[PDB]
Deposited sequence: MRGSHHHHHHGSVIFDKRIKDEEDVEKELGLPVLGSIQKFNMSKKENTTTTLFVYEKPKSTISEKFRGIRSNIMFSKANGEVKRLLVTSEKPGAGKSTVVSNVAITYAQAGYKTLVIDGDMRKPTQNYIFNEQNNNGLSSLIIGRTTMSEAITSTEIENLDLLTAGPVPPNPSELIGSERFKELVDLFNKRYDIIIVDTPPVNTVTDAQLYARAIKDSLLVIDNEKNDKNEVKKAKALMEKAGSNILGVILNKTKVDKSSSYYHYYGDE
């Protein structure tokens, strides 16, 4: 059996700390249901991100394969920062299958893709959410040339601008073994979390993703075990 099943599997096989476990189970739990056991676990993840580091100003969230729960982690972890009084920007950096816009119920007409090429403005592309201190930069329209936008100069410089006025930036991404989008993001965003599907995963896949992220220069803060 190739599956990574727990904190011990994680430490031995990946040499990273488990920063939080989310149980299996209407999606923004930290907001909609602040009293749930699952919400507290997200606040625990925020706590462990703080112990893991220096302080975390930019965070990339990724996984080895689709469906791991990247997006759910991004959304909820971002909310725990906002409610703690930090100015927080979620960037939906998944321009292949954008999803933050559905999660927060915001319109994805302008977003990252069109911001990068300059077809929209910062004020236009960034939307304030219903959660105080939490802004959302949706993915924008799905571009033909994602790799090219991510590796661009406007992106690196937009991140720098954003980080002048946001305490923390949390960036959702496409799976690592699927496309190289996350590795490219690692140029502008050094710190990262790896989200693992506890019920369904391959030890070797997760190692490859970790190696790929480490090769792109990413500081992997730790792992989130999901659907445990």
Where are the holes in the model when you compare it to the deposited sequence? 1-15, 41-49, 78-79, 255-269
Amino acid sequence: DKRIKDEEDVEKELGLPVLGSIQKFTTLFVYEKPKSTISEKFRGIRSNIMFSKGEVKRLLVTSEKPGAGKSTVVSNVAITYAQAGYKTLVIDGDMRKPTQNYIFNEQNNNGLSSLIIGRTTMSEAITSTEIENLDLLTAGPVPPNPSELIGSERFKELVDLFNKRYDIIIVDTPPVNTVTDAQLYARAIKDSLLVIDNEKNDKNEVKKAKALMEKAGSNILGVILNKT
From here on, numbers count along this sequence of modelled residues.
As stated in the PDB record, which stretch has the larger average Cα B-factor, 152-160 or 87-95? 152-160
Assigned third (lowest, middle, highest) for the C-alpha B factor of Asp135: lowest
For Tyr31, does the deposited CA B-factor place it in the lowest, middle or highest third of the chain? highest
Classify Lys53 as lowest, middle or highest third according to the C-alpha B-factor given in the PDB entry, relative to its own chain. highest
Would you check the entry's CA temperature factor for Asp191 and let me know if it's in the chain's lowest, middle or highest third? middle
Cα B factor band for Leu225 (lowest, middle or highest third within the chain): middle
